[PDB]
Amino acid sequence: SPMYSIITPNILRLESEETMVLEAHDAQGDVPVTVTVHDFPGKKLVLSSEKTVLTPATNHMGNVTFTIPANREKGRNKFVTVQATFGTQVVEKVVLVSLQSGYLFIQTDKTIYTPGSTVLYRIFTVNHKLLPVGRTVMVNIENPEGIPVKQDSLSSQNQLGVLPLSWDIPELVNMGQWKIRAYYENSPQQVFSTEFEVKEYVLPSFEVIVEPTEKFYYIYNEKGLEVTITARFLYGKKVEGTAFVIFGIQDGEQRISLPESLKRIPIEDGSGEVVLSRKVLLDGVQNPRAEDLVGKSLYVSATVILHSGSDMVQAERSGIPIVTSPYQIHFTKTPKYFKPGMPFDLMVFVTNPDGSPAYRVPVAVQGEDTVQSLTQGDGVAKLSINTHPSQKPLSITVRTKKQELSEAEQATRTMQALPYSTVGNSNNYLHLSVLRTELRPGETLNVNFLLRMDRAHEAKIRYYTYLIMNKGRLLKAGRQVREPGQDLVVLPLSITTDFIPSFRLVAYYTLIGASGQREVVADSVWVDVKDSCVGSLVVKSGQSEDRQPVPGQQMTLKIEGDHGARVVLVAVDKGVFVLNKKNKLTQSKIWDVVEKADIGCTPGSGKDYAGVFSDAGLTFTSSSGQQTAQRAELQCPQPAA
Amino acid sequence: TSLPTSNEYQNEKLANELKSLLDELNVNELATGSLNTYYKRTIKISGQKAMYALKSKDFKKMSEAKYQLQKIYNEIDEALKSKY
Amino acid sequence: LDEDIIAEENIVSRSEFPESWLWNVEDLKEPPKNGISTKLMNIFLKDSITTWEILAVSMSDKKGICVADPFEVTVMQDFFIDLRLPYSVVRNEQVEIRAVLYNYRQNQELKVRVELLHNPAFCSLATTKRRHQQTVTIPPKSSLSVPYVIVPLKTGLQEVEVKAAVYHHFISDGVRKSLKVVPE
Amino acid sequence: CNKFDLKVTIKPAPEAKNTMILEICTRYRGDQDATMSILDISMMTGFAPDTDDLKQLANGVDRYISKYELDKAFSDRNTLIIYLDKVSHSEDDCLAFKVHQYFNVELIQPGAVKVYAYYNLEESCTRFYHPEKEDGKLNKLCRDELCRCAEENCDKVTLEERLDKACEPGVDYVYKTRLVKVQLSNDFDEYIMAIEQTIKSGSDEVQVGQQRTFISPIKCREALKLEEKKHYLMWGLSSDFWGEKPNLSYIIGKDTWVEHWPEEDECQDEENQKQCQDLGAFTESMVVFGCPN
């Protein structure tokens, strides 16, 4: 009995290419297929042009490339209807679409301007693949009470995705945090914003940096919070002066200063030592069961003065956590579903209090004493447990195990993983065990394909069908062949830069078995690719070797980047950043925009065959009617903890 | 007369080398006009070094200076070439 | 004008202190090699004595956007002046600007004749005819502060200028900063 | 000011001949005593604190000065900060230290003190000091809103010097005059002057016998020493005006000329004799010829 399957992204997008996988399972000879999208509900025939045939050459696997226009069509999600007709047979599914065009990033020359100093800004404009596209953009400049004081409307057509711009700050105007907002003329709701402060300032001639010996304070730490103050001119040179330091406690957004913690220390040879004592910190509140102070944060303001009296600088390290344990423990990179009997790969996430990944930290589970595993440079630890073939929820609890910490000082956390719920409770499973390290484009990743089923229908399974999500779109969809008696097959996955920052892998097979029942068994896995520019960009020095240049002197600048690329330059007196270092552009900031835009909401797997598919950004609709829970929510499941 | 002593010879070479430059200083100073302010700011300080150095008849000051002025002269040429 | 020192006639001050610059656009059209086009850029540093931070973003339709790492460049000097003017003074009120003289020479004290240039638009010990100089000594690896008290005399944008020269060396700096004068 | 008070007493000491005592008095205008606060002082060109004193202070509590500043040789210490643990909201907190001039100079700029609490700098106060200048205040000349600088000054003088320096470019008037009144005030001494002839008329349309007030910094009322009923004479610049036509004023400055005419009952005395016949070969040299061109 032939079966045709349709596989698409969970949520489509306007004015961009999407892809969907056509498959002919168990059919003979060439099968011609026509695919058509219609507005919903009714008929507009928004895209029909595409036709294709599934040759026995290419194991009946199809390629769908299409671009949905943006015709004259709210608050209620709009959809579309993908209709794929193999020969005469006609399968179709009802999916969600978004007006979200892509992304927008804004760059300002400085982080902070004075009244009457012009602000330069660039709007980088791109699609969901972070490729430069050309649309029309609107750009507002709100003052600090939110009122647009200027807008323009600009097109990025033939501008290689880069819109230069400026705005002359008026002479009198409110100081405060201004904002630049921009959206695609197609989709007003997805707005983009960067800020910039407007203040009156002269630039400072050094930077000041405050630092706790620990990234947190331990409540039972008799020594109190120790802090090293550091000053050095912008031209790199050490500072002499005296510096006033003072502390406080934060609760939520609420801030209490400890007036008594005020200390005046000498800043000698660019550095100084100073401390909040446990006593002041408690008196300062009022000696409540110290335990009470748990969860709140500390902060230190330092203010240096040069001995010349010429120039002052403030600076503050904020929200240092008050904690009973140094480390935190997270299961949000570990799936929430295992396969009974099969080894479960645990991705424990171990953050310092602040939020930073903690390196080389040991972890293990409740039960077994011998099992240990450190944390690679990504604050990640790979532990694998062999599970029992029992239809019982598997509760795991992990716990730190650092020598030199007391068992009370160690940190734990618990999660609950449910078994994969098969079809007709047949006990047929698929596992993808993937060696887990820092993957890098070029490196080759092995995907262990492990088959779990009674040899009865084992000979039947001939092939695995695999797919790759990335930046929420299909990046590849292929087949992995299998021969009877095999439970393990290994997939050579070349890893190119197109995989960054992270890609999803969903493999599924299908068969008839038990009692004439049409089945689908599957598995989804998330893997970080070590983030970094997709091409490259570097700006080193021109003169291979040299002494410091001199005011007004010629210097040669070297730029190593992708052929034909456009570079946009700016150099900024680092003295600015001592007044404001916020709202700068980072590539890391972009990767962060791209992940929060993932349509896949789970680290791995599915509750059922049909979950694996909706968890990664996907839908599976087959002739035999086995489709996936249709998706009609734009965002992922509102966090339920 | 005969020949000069060691000091005597070296000292008089440096000097004339030095002079050799101070001669066509003014020509240089004048090419700075077109050039970015660093050139002017530079040559003027280098010029004096020389003239004092030259009149001071002391080897150090004279060579040290010999070189200062040499450099900036070269940084002028390099400059005027990227401009035709 | 024949001493072991540089002349105010010959001091060309620093004056160009942007807070951001090189807001330029370059294109990697060069012959790729090992996949990496390389452009050599000729830039002229601005007068400020600080550390510049250069940020590049690249946009390619093949490979996309790319926030290059920051890349630092430090312009400095062994001796120079820091003219620390405040944001704004009020015409006809008397204040005291400070010229901070930095000597970052390893091991020897510096003797400087530093000098606040005369400006008709200010009321300073400096006249059309008489100059205003002290002669001072800075230890090595440190700073000497030099008070100049003045009185702004005309609203709008006025300009303070200091020059100093070290003796026996032929080192000299001069800064020309400008401050907002506002009426009461 | 308002947030801080600042009284800076620069007195000479009893018992060198130059050395004196600087006294600084501050109070905070508020309900509580201020916290940690800065005194940012500067020396008068030629002075620097007596060290033995400065230590004394830093040994004190409520006060401290950084080693860094102590170690330097008094000579190298022309600015200096004194940190304070507090300043009373109640009464004035004062102190002082002998300073010594080690350096001989003419035109000694004024030192100044500054105060503030470490937290906020814009709420400062800032008092100058100086041995002669009343308030450590430079010498200016301001009418209503317009100010102009008045820190300037004031062998034989030949019957020919005079013929020269006068028929210069600038000069937009010359006069004989008769010092009539002398109104002495805080700032500026008016020397109301009659115009006993317009030896070189100009922009200011003055009918002789008409008065016009001439002004000079309280700082020179000593050096010019003009006295009522005398009869001096002079030429100043076209710029030196004050206000608008025809209710102007004239300003006595550098490029302004002033030169006694020794009364005619003192033209007899055998010492004024050459001059009352050169002055006499000048006006007469002028009225008639007036100028070369």
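Sequential numbering from 1, following the chain as shown.
Any Cβ shown, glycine's included, is placed from N, Cα and C.
What Swiss-Prot records for this protein:
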| type | residues | note |
| --- | --- | --- |
| DISULFID | D:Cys1-D:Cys125 | disulfide bond |
| DISULFID | D:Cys25-D:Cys94 | disulfide bond |
| DISULFID | D:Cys142-D:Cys147 | disulfide bond |
| DISULFID | D:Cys154-D:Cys220 | disulfide bond |
| DISULFID | D:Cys167-D:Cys291 | disulfide bond |
| MOD_RES | D:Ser203 | phosphoserine |
| CARBOHYD | D:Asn247 | N-linked glycosylation site |
| REGION | D:264-289 | region 'Interaction with CFP/properdin' |
| DISULFID | D:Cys267-D:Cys276 | disulfide bond |
Would you mind pulling the DSSP three-state label for D:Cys147 (disulfide bond)?
strand
Looking at the recorded positions D:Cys25, D:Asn247, D:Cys267, D:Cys276, D:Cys291, which ones have a CB within reach of chain C, meaning under 8 Å Cβ to CB?
none
Note the 7 unmodelled residues between D:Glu15 and D:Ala16, then tell me the distance between their CA atoms, whole Å.
10
Where D:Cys1 (disulfide bond) and D:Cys154 (disulfide bond) are concerned, what is their Cα separation in Å, rounded?
35
Tell me the Cβ neighbour count for D:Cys291 (disulfide bond), meaning other Cβ atoms within 10 Å of its Cβ, over all protein chains shown.
11
Candidate recorded positions D:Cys94, D:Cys125, D:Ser203, D:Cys291, pick with smallest Cα gap to D:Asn247 (N-linked glycosylation site):
D:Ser203
Separation of alpha carbons, D:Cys220 (disulfide bond) and D:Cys147 (disulfide bond) (Å):
19
Under a three-state reading of DSSP, tell me whether D:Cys1 (disulfide bond) is helix, strand or coil.
coil
Compare the Cα of D:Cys25 (disulfide bond) against each of the recorded positions D:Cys125, D:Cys142, D:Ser203, D:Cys267 and report the nearest.
D:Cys125
Hey, what's the Cβ neighbour count for D:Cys142 (disulfide bond) at 10 Å?
15
Once you note that 6 residues are missing between D:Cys154 and D:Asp155, how far is one Cα from the other in Å?
16
Distance from D:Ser203 (phosphoserine) back to D:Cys291 (disulfide bond), taken between C-alpha atoms, in Å:
17
Starting from each candidate's C-beta and looking 10 angstroms out, tell me which of the disulfide-bonded residues D:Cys94, D:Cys267 has the most other C-beta atoms.
D:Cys267
Taking DSSP three-state, what's D:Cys220 (disulfide bond) in: helix, strand or coil?
coil
I need the CA-to-CA distance for D:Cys154 (disulfide bond) versus D:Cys125 (disulfide bond), whole Å please.
34
Among all chains shown, work out which of the recorded positions D:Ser203, D:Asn247 has the most CB atoms within 10 A of its CB.
D:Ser203
When DSSP states are folded down to helix, strand and coil, where does D:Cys94 (disulfide bond) land?
strand
D:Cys142 (disulfide bond): which of the disulfide-bonded residues D:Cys94, D:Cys167, D:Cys220, D:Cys267 is the nearest Cα neighbour?
D:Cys220
Going by DSSP, how much of the region 'Interaction with CFP/properdin' (D:264-289) is helix, how much is strand and how much is coil, in residues?
11 helix, 0 strand, 15 coil
Check the Cα-Cα distances from D:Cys276 (disulfide bond) to the recorded positions D:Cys167, D:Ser203, D:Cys220 and tell me which is shortest.
D:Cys167
